[PDB]
Every structure is written in C-alpha cells, then in structure tokens.
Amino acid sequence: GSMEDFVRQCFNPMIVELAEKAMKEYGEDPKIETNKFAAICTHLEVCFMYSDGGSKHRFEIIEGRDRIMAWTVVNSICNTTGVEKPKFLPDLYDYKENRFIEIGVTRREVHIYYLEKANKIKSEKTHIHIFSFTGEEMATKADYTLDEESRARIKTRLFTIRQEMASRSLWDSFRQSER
C-alpha cells in the first residue's frame, strides 16, 4: 500500500501510467504487485535518462512505446542500416555506434542479471548494459556507451530511490521480490 503511494510520489505521472499499462497487458494488478510496479517505473526512468545521456538524438527510444510503433522503429532502422533485425524488442538504438541496446536494472548482483540477459536474447548483434541500485554496472564487452558523467547521474538517481525506499522500510521487501 505504501509502495504504491511511494511509486506515485517518487515517479513522474508519464512513467507511472506507462508502467500500469505494461503490467495490465500481462494481467498483473499494480495495486497488488506493487514491487513489480516500482521495478518497471525505475527501468523506464533509466531508459529515459540514458536516452538524454549524450549527443542530441544520439538515441532512439524503443521502450515505453506500443508494440506496433516499437516494431515500426526497429524495422525502419534495420532497413536503412542493415543491422540484423532483433528477435525481441530492445530499449534503445545508438545512432552513433549503430547498435540496439538492452538496458537492465537489478536488485541482485550485476553479473547474475547480465548472464540471464545474454542467454535470454542471444542475437550477438545487440548491446547489454546493466545498472544496480548500489552503483554497480556491467556492459557488453565492457563498453559503457555513455560518458562517466551521465552514467553516475543515473546511479545517483538509483541510489536515492534505494534510500528513499529504505526510509519507508519498503526496500527489504523490494530487494527480496526480484524474480
């Protein structure tokens, strides 16, 4: 109950509505699966923060879009470059280094998640980039895409959430709840 409260206090209304949508599409109730709610909100925020990271329109956002537009963006980019169309929707496209990006956000250790992602997606083409709430980060062939300045600004936001969750005692539960 106080997590739902937190979610609507801490996150911008656009992120909140996108999350509710994304959850209801799998039949999960945000008022009930409140730890998934917060987890989705955070993932989306990082995506949006990451996309502002570098040069102006360095990145095309794919996450947060409906499936048709999402795929329109993908199919369009593979048609005009020739980079292998992926088997799943990624999170961004990097116009500077011509590759898609999967972004992950983990409550566990950053190596455990990176493994699951790598095996989950296969397609050697795409890029992975994990963040934690404790400031850890792991990237594909250790290539961190953004500059250290913008990267820290994300990890700093992720920490404050961890703290502000802990402040309301919600964190202990939120950390055990990742599947």
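Residues carry their position along the shown sequence, with the first being 1. Rigid core: the largest C-alpha set superposing within 1.5 Å between the two forms.
Core-aligned, which moves more in 4 other deposited structures of this protein: 116-124 or 64-72, by CA RMS? Between 116-124 and 64-72, greater C-alpha deviation in 4 other deposited structures of this protein belongs to 116-124.
Mean Cα B-factor comparison, 11-19 or 166-174, giving the higher one as deposited: Higher mean C-alpha B-factor in the PDB entry: 166-174.
Of 150-158 and 121-129, the one with larger mean CA B-factor: Per the PDB record, 121-129.
Residue with highest C-alpha B-factor in the PDB entry, from 65, 141, 36, 43: The C-alpha B-factor peaks, among 65, 141, 36, 43, at 141.
Identify, among 49, 69, 115, 61, the residue whose C-alpha carries the highest B-factor in the deposited PDB entry. Highest C-alpha B-factor among the listed residues goes to 115.
Using the B-factor values recorded in the entry, state whether the Cα atom of residue 89 falls in the lowest, middle or highest third among the modelled residues of its chain. As the PDB entry reports it, the C-alpha B-factor of residue 89 lands in the lowest third of its chain.
Among all modelled residues of this chain, ranked by Cα B factor, put residue 73 in the bottom, middle or top third, i.e. lowest, middle or highest. Bottom third by C-alpha B-factor.
Taking the values exactly as deposited, rank residue 101 by C-alpha B-factor within its chain and report the matching third: lowest, middle or highest. Residue 101: CA B-factor falls in the middle third of its chain.
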